[PDB]
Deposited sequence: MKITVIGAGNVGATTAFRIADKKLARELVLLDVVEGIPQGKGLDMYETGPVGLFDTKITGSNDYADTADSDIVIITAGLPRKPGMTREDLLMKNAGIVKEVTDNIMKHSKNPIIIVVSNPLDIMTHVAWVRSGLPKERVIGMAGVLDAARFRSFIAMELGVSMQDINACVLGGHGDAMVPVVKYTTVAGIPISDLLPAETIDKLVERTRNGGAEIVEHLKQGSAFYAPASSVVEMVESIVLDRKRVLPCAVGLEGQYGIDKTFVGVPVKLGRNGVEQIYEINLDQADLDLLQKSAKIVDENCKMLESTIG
């Protein structure tokens, strides 16, 4: 099991270190354009080995020839639509020149548009190119609820599809606590509130840090996707995948529930949304084709 992470910023590195800590890889390589930073973080991590009790092999780098034969490749190269578009494009063309068939996990922004670009340049079966966005929105929504009711977050489930911001589409009917729907525990408008906080969730953290962006929750989400693929668990998680018929949408990427195994997207789950929700989902997938 060998994994490559592109981008040595807070997201890429936090992801890398978590992967070695849980022993979900034998080899790992942190890579970036700028000389210095990656080689640094990788060594520190490796030196953490005798304490964490893990024997992974970490190494930062600036040379793509090290990414050769990677089973999994995560792209965090993101900063605007023009800027990130050319970046993902170039990152992908390169990784493909050294790895035959990897599972790519996009993490840029706008997330869907960027996952679309990667896939087209990868020349890979769409069952190997995914985007991380559902697990994050769901993690925040789950945390606000736990604050509202005071229960372990392990016993909560939140349903979120679509994209981010005004393109996000949460499904109240499938958000429960120990199986119990949320609409039987909290008032409707009190819920409309927890929802709005989730849409602007990423811009709230940014408001504090003054500089940069959140990275603890976003990086852990990516590792849940990795853990399922590596251990072949068959978890069911919301991700940005390519549709072709489902939900009345064809030829474009959107966030919907899916089963994840050692082969990637091993099954898409199509669920019953009501009028207002399904409408939005189809409305979100549209702006994407408008810029792709």
| message | Missing C-alpha coordinates: which residue stretches of the deposited sequence does that apply to? | response | 80-89, 303-310
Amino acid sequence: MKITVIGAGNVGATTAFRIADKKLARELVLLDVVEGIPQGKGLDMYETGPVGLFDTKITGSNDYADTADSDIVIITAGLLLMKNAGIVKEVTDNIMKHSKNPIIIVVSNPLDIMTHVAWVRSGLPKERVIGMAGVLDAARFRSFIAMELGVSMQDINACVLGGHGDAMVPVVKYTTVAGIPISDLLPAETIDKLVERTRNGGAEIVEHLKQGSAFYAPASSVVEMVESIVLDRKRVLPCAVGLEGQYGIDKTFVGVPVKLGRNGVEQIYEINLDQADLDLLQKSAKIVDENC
From here on, numbers count along this sequence of modelled residues.
| task | Between 88-96 and 163-171, point out the one with the higher average CA B-factor as the PDB entry records it. | result | 163-171
| Which of the two stretches, 245-253 or 43-51, shows the higher mean Cα temperature factor in the record? | 245-253
| Given 181, 134, 110, 150, the residue at which the Cα B factor reaches its maximum | 110
| task | By the entry's C-alpha temperature factors, tell me which of 80, 114, 103, 145 sits highest. | result | 80
| query | When the modelled residues of the chain are sorted by Cα temperature factor, does residue 233 land in the lowest, middle or highest third? | reply | middle
| query | With respect to C-alpha B-factor, does residue 26 fall in the lowest, middle or highest third of the chain as deposited? | reply | highest
| query | According to the PDB entry, is the CA B factor of residue 176 in the bottom, middle or top third of its chain, that is, lowest, middle or highest? | reply | middle
| task | Taking the chain's C-alpha temperature factors as the reference, tell me which third residue 32 falls into: lowest, middle or highest. | result | lowest
| note | Binned into thirds over the chain's modelled residues, the C-alpha B-factor of residue 19 lands in the lowest
